[PDB]
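To start, the structure itself, in structure tokens.
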Amino acid sequence: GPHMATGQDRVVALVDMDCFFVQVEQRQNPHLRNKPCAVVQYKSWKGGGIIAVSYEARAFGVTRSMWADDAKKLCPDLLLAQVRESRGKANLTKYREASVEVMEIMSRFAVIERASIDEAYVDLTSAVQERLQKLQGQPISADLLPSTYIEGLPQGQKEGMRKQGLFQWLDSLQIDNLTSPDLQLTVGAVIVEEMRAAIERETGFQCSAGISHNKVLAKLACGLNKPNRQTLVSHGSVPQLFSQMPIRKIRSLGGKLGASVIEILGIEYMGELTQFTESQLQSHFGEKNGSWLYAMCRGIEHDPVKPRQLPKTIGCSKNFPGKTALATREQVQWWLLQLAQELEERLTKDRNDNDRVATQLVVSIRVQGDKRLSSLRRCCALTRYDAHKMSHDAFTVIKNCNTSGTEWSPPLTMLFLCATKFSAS
DNA sequence: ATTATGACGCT
Ligand SMILES: Nc1nc2c(ncn2[C@H]2C[C@H](O)[C@@H](COP(=O)(O)OP(=O)(O)OP(=O)(O)O)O2)c(=O)[nH]1
Ligand SMILES: [Mn+2]
Ligand SMILES: [Mn+2]
């Protein structure tokens, strides 16, 4: 009863840019705005691989990781923007720079954890406390939440439903208790409306967000109402929400572990997990995963929002699938050089912008017919930002994979250079 | 012949 902590200490938001690469291209080219459109990489093989889809195109069934020529069969009016190509590979620079615009706006409100190029977590606990004090008892007006959904409401036209749910929530609110978790979530959501308005004002980009008490719930909430909307998942909404929530929808359970939870326990939904003791879960899935599952199915997670706006590693990758796999020494060298040249550019810009130097180079390769995604990974020292030296060292470090008697065998289907181990500069 | 990344756990 009084001693079961309920994981309501924090207010955490997950902000995700709606179809981010597509919006970047639509800002740059107005002819694409408010249309079925997608962003592709390469163009020769089946029109190119789609990596981002507007919501208009999604309504036709167009999805990420689909060939453009097939997408065109579903959506013949589909419009396509192409990723920039430099040194024979995809160059994502435009999107990393748009991402930094967004992150820098978010950082004005609260400390953020860059979780990917287009999404960040936000620790709003301090911001909510400050804002609650600033209100000094004033009740929260629906006008302050024009795009917020309250999950699980209403109980007992889409915008009409949204407003009814919000009204039920706000009418039920106890504004005089500065320590009510539900009030804290609500003020968090007001702040998130303000953040999303500033992002759209200053970049043109729209986003969705989730507001809850931890990262996993915030992330799950963000996806409930997209695009251009935000969702508040309260502690109290967890039993009903989780009672039909497939386990695979929870962050980190979408893969093998989630499938084994399903297979070993004989269950389907997150909420069914409540019926197992902590020890049972640890027995099946190990101590860490067991404790984490026991708390997560009750809506409780303690992973902190890390104060980290910048990526921890800077990486350059290219697949050489099918018959394009690299089969000679000259080929492996020339592509290591192309990769090292993009890496040098990104690293020099990173050192100037962010006052830090990488110190370790990681080289990863895949060989043709190898089951694994990394056939090998080896590290060496990264001492100067010189593409010729980094490519020479990556070769020096992988070359004993060749089994030829100037040829290269097994042919290489992936090269990957990653600068890691940053130190302040 | 989804690709290009990037965080993090295990041992
Ligand atoms: N190169 C590459 N980029 C990807 C890949 N997956 C996603 N991206 C890019 C394009 C996306 O806009 C962005 C973030 O991906 P998300 O999963 O958040 O989807 P997206 O933002 O496109 O749409 P949504 O958030 O659902 O509105 O990162 C990928 O596999 N390869
Ligand atoms: Mn997104
Ligand atoms: Mn995202």
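Proteins get letters first, then strands, A, B, ... in listed order; numbering begins at 1 in each.
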Base, sugar-phosphate, or nothing: which does A:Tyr42 touch, judged by heavy atoms less than 4.0 Å apart?
-> sugar-phosphate
With the side chain defined as heavy atoms from C-beta on, A:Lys318 is closest, among B:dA7, B:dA1, B:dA4, to B:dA4
Is the distance from OP1 or OP2 of B:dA1 to the nearest side-chain N or O of A:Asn319 less than 4.0 Å?
-> no
Taking atom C1' of B:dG6 as reference, at what distance in whole Å does atom CZ of A:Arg346 sit?
-> 10 Å
So, is A:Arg84 close to the B:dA4 phosphate, meaning a side-chain N or O under 4.0 Å from OP1 or OP2?
-> no
Does the distance from a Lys or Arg side-chain N to an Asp or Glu carboxylate O, for A:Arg108 and A:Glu202, drop under 4.0 Å?
-> yes
Between A:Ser375 (side chain) and A:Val367 (backbone), is there a donor-acceptor pair under 3.5 Å?
-> yes
Indicate whether any N or O donor in one side chain lies under 3.5 Å from an N or O acceptor in the other, for A:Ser116 and A:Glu119.
-> yes
Is A:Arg356 salt-bridged to A:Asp350, cutoff N-O under 4.0 Å?
-> yes
N/O-N/O pairs, protein side and nucleotides 8-11 of chain B side, under 3.5 Å:
| unit_1 | atom_1 | unit_2 | atom_2 | d |
| --- | --- | --- | --- | --- |
| B:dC8 | OP1 | A:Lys306 | NZ | 2.8 |
| B:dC8 | OP2 | A:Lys312 | NZ | 2.7 |

Start with the C-alpha gap between A:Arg384 and A:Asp386, add the side-chain angles, then the distance that decides, and say whether salt bridge (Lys or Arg N to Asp or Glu O under 4.0 Å) holds.
-> CA-CA 6 Å; A:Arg384 29 181 63 148; A:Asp386 179 283; over 6 Å; no
Is the distance from OP1 or OP2 of B:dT3 to the nearest side-chain N or O of A:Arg64 less than 4.0 Å?
-> no
A:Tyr95 side chain N/O closer than 4.0 Å to the phosphate oxygens (OP1, OP2) of B:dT5?
-> no
Is any side-chain nitrogen or oxygen of A:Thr313 closer than 4.0 Å to OP1 or OP2 of B:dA7?
-> yes
Grab the CE-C1' distance between A:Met66 and B:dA1 for me, whole Å please.
-> 15 Å
Describe, in one word, how the ring planes of A:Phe205 and A:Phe20 are oriented to each other, choosing from parallel (under 30°), tilted (30 to 60°) and perpendicular (over 60°).
-> perpendicular
Measure from the side chain of A:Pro311, starting at C-beta and using heavy atoms only, and say which of B:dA4, B:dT5, B:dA7 lies closest.
-> B:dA7
Here the distance between atom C1' of B:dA4 and atom CZ of A:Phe320, to the nearest Å, is 12 Å
Any donor-acceptor pair under 3.5 Å linking the side chain of A:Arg87 with the backbone of A:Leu339?
-> no
Does a side-chain N or O from A:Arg366 land closer than 4.0 Å to OP1 or OP2 of B:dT3, or not?
-> no
Can you check the A:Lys43 NZ to B:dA1 P distance for me, whole Å?
-> 20 Å
